Each structure stands twice: as C-alpha cells, then as structure tokens.
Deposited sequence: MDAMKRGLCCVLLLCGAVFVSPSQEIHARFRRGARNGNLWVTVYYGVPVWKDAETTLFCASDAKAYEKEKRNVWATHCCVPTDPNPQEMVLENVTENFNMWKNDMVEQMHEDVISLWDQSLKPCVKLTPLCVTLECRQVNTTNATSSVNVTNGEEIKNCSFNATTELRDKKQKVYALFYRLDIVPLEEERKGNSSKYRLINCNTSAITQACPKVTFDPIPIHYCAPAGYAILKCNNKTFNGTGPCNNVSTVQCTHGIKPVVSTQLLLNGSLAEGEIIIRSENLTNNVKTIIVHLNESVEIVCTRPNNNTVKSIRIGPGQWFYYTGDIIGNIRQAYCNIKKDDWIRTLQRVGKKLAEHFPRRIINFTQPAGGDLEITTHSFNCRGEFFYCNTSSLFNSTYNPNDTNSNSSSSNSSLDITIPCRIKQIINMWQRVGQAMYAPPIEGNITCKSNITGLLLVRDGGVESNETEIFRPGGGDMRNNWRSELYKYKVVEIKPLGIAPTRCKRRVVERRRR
C-alpha cells in the first residue's frame, strides 16, 4: 500500500573487487606476502533454500590469483643477482667419468680489470651450440636465452615452497561457496554458503598433472567449458590421490664465485660418483585404477567412442612434458609411458633445467641455482589436465592427450567453487503503514 525503505536487506549482486591474501599463522614467499593472519576456527554460514548461478570460467578470482602469483614471483626475483656478466663464450667438453657438459669460461670479478677462469657443469638443455660439436675435445657454446634477454639468478636464501594461502573479501563483499558435489562448474548450485575467506590453496605449478590439490568429495569430476570444442582444456578432479615420488640421484658439489661487488654466482662444481638420470616413480596400481575411472567418466560424455589416452604431439619440452618445481629444481618428465592405454612403480624419465622461462613470457629468464647432494620429493596427484584431439575424422574414437599451457587451469581447479558478491543492503517494499 505504502513504500517502506529498509536498510540491511539480505540481497547481493555480482561484483569484481580486489581480495586480500591471508595465510595461516605460524625466509620464504607466500608468507612474507599474505601475512594477514587467518581466523582460527573460521566460520561458514549455510544459506538454506538458496540457489545461485556459478561459472568457474570467467571467474575474476582466477585472474587476480594469476596476477598475484606473477607479481610476487617478479618482486621476489627483482632484488637478486643478474647473470648478464656470464653471457660469454663457453668452451664445453664431455664430462670426465651427453646431458651434462664441463664448460670453461672467463667470468668477471669484483675488480673490473680482472677476470677469473671458471669450470662448471651445465645441462645440455641450458646451452645452445655456436660451432659444430665433437671437434678436438671441446667446442664453443652459448647460454640459452642469452640473445633473447638477461638471465636473473634466483636468490638462494628465498624459497618459493607453495604453502597454503587463503583469499579474503574486503568489507562489504562476501564469498559464496558451492557445497553441492558433482557440480560441473557452470549453472545453478542448490547448496551454497557464505564465507569471508576461501580454503587454503597451494600455489603449485605443474603442466600436466595437478599436484598437492584438493580431492573431489565424491566421484571423479570432468569439468570443461565446452566439451564439444576441443580447444578448451578438460580439468579432471580425482576423488583419490596417486602417489608420485621424484628424485635427482646426483650427489652434486656446489661451488660459488663473486662476479661483482656483493654479487655471488652459484653453479654446480662437480658430481661425486657416477651420473644418473632424474626420474619419478608413480604407483602402478593406483595409476591404472585412476586412469580406468577417468576413461569411464569420459565414456559417459563421449558415447559410442573409444577413449584413447596417448602422448602429446612432439614439440618443445615446455608443452609436451610434465613440469614441476622439486625443492627449487625444475623437472621436465616424459609422461608418454603413463598415457599409454585404451579404455611396483612406473618410472618416468626426467630432464632437469636451470634456465626457466616461466608463464610463457619471452624475455624474462630466471636461473635456478643448484642444491648440493641429491634431491627427493613426494607429492599427491589430485587431478589431470587433458586436451581432446578433436580431429574431424577418426575411426569412432576420441583421443585425450595431456596438455596444460595457462597455469590458469591449475588455479581454476581450486577456485571453481567460489564466487565474489557485493552486499546491497538498501531496498524497498510495500507496507500498510503510512508516514503520516
């Protein structure tokens, strides 16, 4: 009958706003930043009888996480030693004991009128030849990416270990979480709740397998923006983890030199014992059951087709191998022996690189210093990134090849259940009471 103005109305609208990062209480990164302590025993308020429309794609939380991860990485590397002085001709020979070469070069010193003779072991993947090789007992080589840009040494005192972080809404905004399991990433969610902060998300970097993530509450869930369109990447969320143990079985002796005032350069000096290839061991029975279950779930979406898991097409290691950071070492593992089926460990050969072009940004190379001794780490495989071949012609089959690309499909694997909304407390309604 009459208009009444109400303030505090439980209504919200979709909005894009900056969300601060908060980490659990008690050097590093992901802790120096994200310092804000989280609440102990955080609250979640379930909204009864509330259905909301969620879309894990076009989720601004992913773009913010992407930019924060890149920005923090670059800020961490900024105050570190530049390796521009080392873009010199290298004279490399076979290591006395061809993945690793013994390279001699003339490095700078703190005095600009003096140079020093340095011997170092480098991986072949970090070196580009200038001359035909196998001439005499040595040949001239250049560091990879020297022509493209400067190489910055990561600070050896700062670690990038992916501790969990939480994203929190600023006052006036709220984060809605989708509680319903089996949600495919788009459309309505019939069980939602309101939270202030997200759960703890580990900023783990990988290209084919998703490591140390969350497990599905129920069954394996296949999420893709458009399964028909083979351009889009399919994210597979597992309900059980598969254990993978990776190692670099080489007892390295690490040496360091000064290359300018206060500028220390770290490199591998020698290897004690013989030289062995890095590798990963993935439990065979868990992998086989996992792949059979994924094949089953894909069959439900691609009926009357053979589900063929195959290797990636040949190309640069960055787009064909499983990449990961194991205690600062960068592994590039050849997973063609895993995706070899058609619906006691499996050993995966791995290559190691020290000069890394992260996030497909050409022009900002980083050098990862070596760690003495041998490296071993263990992780939980919690999901997969698959790309459907999508050829128009096939003998009633569908081929699913491992593919990653954007790290942005890794962060979508954790943020798919969250939406950020703005509270709109002012509204009107009819009443029977006149102002008079």
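**Q** What stretches of this chain's deposited sequence are missing C-alpha coordinates?
**A** Gaps in the modelled chain, taken against the deposited sequence, lie at 1 to 38, 65 to 70, 142 to 153, 400 to 414, 508 to 514.
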